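Start at 1 with the first residue, then count along the sequence. As a basis for the values below, the full set of heavy atoms in this structure was taken, side chains included, without hydrogen atoms, waters or symmetry mates.
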Amino acid sequence: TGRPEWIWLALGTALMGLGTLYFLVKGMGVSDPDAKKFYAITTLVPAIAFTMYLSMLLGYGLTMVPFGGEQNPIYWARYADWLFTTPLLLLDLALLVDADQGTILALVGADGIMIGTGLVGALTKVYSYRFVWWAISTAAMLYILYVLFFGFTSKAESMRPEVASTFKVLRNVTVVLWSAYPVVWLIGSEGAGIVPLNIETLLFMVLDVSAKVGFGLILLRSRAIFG
Ligand SMILES: *C/C=C(C)/C=C/C=C(C)/C=C/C1=C(C)CCCC1(C)C
């Protein structure tokens, strides 16, 4: 097939794999129980991304959805990735500030809605309705970000500065990166079709790699993960 976006898919696969192995190696050397917890969650995130980037590189996770008078190329494997990686990242943040079970449940649930309506919108055949689903998915994301910014930051204040400071950074990287996904979707192949797929794939790999390996490097190198 040789689609123009394959090189970014190859690069995404490469970065996710390397990040996975490094976290795995670093994770199985640590003896602290809590640190092990964080390591297991954070290593699994890029591990899942790697498998999906690899599948997409190999030609899977792609479907032609008709709308706008065109046969549009929609990479659905992405939602198969995000369905599990986004809540895991959320869990990392939750464990960090000792969030409550109710909070976590509500965040993971909002997250499920976000990815769920996102895919439904990415698969919808009525052009205008694709944006209705997109709109709902974004509303869910803003709920999650609101909670992370207003709820979590507040509870991270019961933690040590080292832990509060690590959370701030992770929270910040998350707010900035996550905020970017809906915009990429809106102007890319799933939406307005302004930004071509090859470029769109490039933007997504940069956000995904930054949001997973970037996020993991920051979290796993901190002393805040220790019991
Ligand atoms: C490793 C992957 C990460 C951190 C992915 C984050 C993905 C999002 C914040 C995705 C958000 C979306 C919307 C707000 C609406 C349209 C569809 C999505 C799923 C692209």
Side-chain angles (χ1 to χ4, degrees), residues 12-13 15-55 77-116 140-141 143-145 147-149 151-153 155-156 158-160 162-178 181 204-205 207-227:
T13 305
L15 298 171
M16 294 303 196
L18 295 179
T20 299
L21 295 184
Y22 179 58
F23 293 163
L24 203 219
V25 175
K26 192 169 180 180
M28 284 174 90
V30 171
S31 60
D32 184 56
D34 259 274
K36 271 288 181 64
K37 210 166 193 178
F38 283 108
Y39 266 107
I41 294 172
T42 311
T43 302
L44 177 53
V45 170
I48 291 152
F50 169 81
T51 70
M52 297 302 85
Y53 261 90
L54 220 190
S55 293
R78 292 190 195 289
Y79 304 82
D81 174 332
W82 306 334
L83 183 60
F84 311 100
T85 62
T86 49
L88 285 169
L89 290 167
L90 260 28
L91 178 53
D92 262 334
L93 291 177
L95 296 175
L96 213 56
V97 303
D98 186 50
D100 308 291
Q101 200 170 315
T103 302
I104 297 182
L105 216 201
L107 269 177
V108 175
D111 194 299
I113 293 177
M114 174 178 93
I115 304 299
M141 179 200 78
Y143 167 72
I144 296 167
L145 298 186
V147 161
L148 250 39
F149 193 76
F152 281 37
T153 307
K155 219 169 181 302
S158 61
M159 307 296 113
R160 297 289 292 182
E162 159 35 43
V163 174
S165 57
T166 294
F167 167 66
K168 79 200 179 183
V169 178
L170 294 182
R171 173 202 71 187
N172 287 179
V173 174
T174 305
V175 167
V176 179
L177 295 184
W178 287 45
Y181 287 81
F204 276 141
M205 87 132 247
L207 294 167
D208 289 336
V209 177
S210 288
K212 291 178 178 64
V213 181
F215 180 105
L217 293 177
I218 302 174
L219 171 66
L220 299 175
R221 63 177 301 159
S222 75
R223 42 250 230 288
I225 62 173
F226 293 76

Rounded to the nearest 0.5 angstrom, the CD1-CG distance for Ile48 and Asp81 is 7.5 Å

Nearest heavy atoms of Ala140 and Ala110, plus distance in Å: CB-O, 3.6 Å

Spell out, as yes or no, whether a donor-acceptor pair under 3.5 Å connects the side chain of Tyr39 to the backbone of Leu24. no

Gap between atom OG1 of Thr13 and atom CE of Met52 - 0.5 Å precision: 10.0 Å

How many angstroms lie between atom OG1 of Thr42 and atom CG of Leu217, to the nearest 0.5 angstrom? 10.0 Å

Can you confirm whether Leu44 sits close enough to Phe84 that some side-chain heavy atom of one is under 4.5 Å from a side-chain heavy atom of the other? no

Between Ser165 (side chain) and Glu162 (backbone), is there a donor-acceptor pair under 3.5 Å? yes

For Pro46 against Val213, the heavy-atom pair lying closest together: CB-CG2, 4.4 Å

Do you know which two heavy atoms are closest between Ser210 and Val173, and how far apart they sit? O-CG1, 4.5 Å

Nearest 0.5 Å, what's the OG1-CE distance between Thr86 and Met141? 12.0 Å

Apply the test side-chain contact (heavy atoms from CB on, under 4.5 Å) to residues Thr103 and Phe152: give CA-CA distance (whole Å), side-chain angles for both, the deciding distance (0.1 Å), then the verdict. CA-CA 9 Å; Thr103 302; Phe152 281 37; 3.4 Å; yes

So, the side chain of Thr43 versus the backbone of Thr20: is there a donor-acceptor pair under 3.5 Å, distance only? no

Check for a donor-acceptor pair, side chain of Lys36 on one end and backbone N or O of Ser31 on the other, with a separation under 3.5 Å. no

Is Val45 close to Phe23 at the side-chain level, that is, under 4.5 Å between some pair of heavy atoms? no

Drop me the distance from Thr174's OG1 to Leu145's CG, to the nearest 0.5 angstrom. 8.5 Å

When you measure from the side chain of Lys155 to the backbone N and O of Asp98, does any donor-acceptor pair fall under 3.5 Å? yes

Steps toward side-chain contact (heavy atoms from CB on, under 4.5 Å) verdict (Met159, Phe167): CA-CA 10 Å; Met159 307 296 113; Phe167 167 66; over 6 Å; no

If the plane angle is over 60° it's perpendicular, under 30° parallel, otherwise tilted; pick one for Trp82 and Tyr181. perpendicular

What residue among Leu93, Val209, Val169 forms side chain to side chain contact (heavy atoms under 4.5 Å, CB included) with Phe215? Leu93

4.5 Å side-chain heavy-atom contact, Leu96 and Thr166: yes

Is a donor on one side and an acceptor on the other found under 3.5 Å between the side chain of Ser55 and the backbone of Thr51? yes

Shortest non-hydrogen contact between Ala156 and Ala164, atoms and distance: O-CB, 3.3 Å

Would the number of heavy atoms belonging to other residues, nucleotides or ligands and lying under 6.0 Å from CZ of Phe149 be above 12? no

Give, for atom OH of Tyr53 and atom CG of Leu15, the distance between the pair rounded to the nearest 0.5 Å. 9.5 Å

Determine, step by step, whether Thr153 and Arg171 satisfy the side-chain contact (heavy atoms from CB on, under 4.5 Å) criterion, reporting the C-alpha distance in whole Å, the side-chain angles of both residues, the deciding distance to 0.1 Å, and the verdict. CA-CA 8 Å; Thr153 307; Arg171 173 202 71 187; 2.7 Å; yes

Identify the heavy atoms of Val108 and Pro87 that sit nearest to each other, and give their distance. CG1-CB, 4.0 Å

Pick one: which of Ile144, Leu89, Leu91 meets side chain to side chain contact (heavy atoms under 4.5 Å, CB included) with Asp111? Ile144

I'd like to know whether NZ of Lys37 has more than 12 heavy-atom contacts from other residues, nucleotides or ligands below 6.0 angstrom. no

Test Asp208 against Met16 for side-chain contact (heavy atoms from CB on, under 4.5 Å), laying out the working first. CA-CA 9 Å; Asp208 289 336; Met16 294 303 196; 3.7 Å; yes

Examine distances only and state if a side-chain atom of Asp32 and a backbone atom of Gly227 form a donor-acceptor pair shorter than 3.5 Å. yes

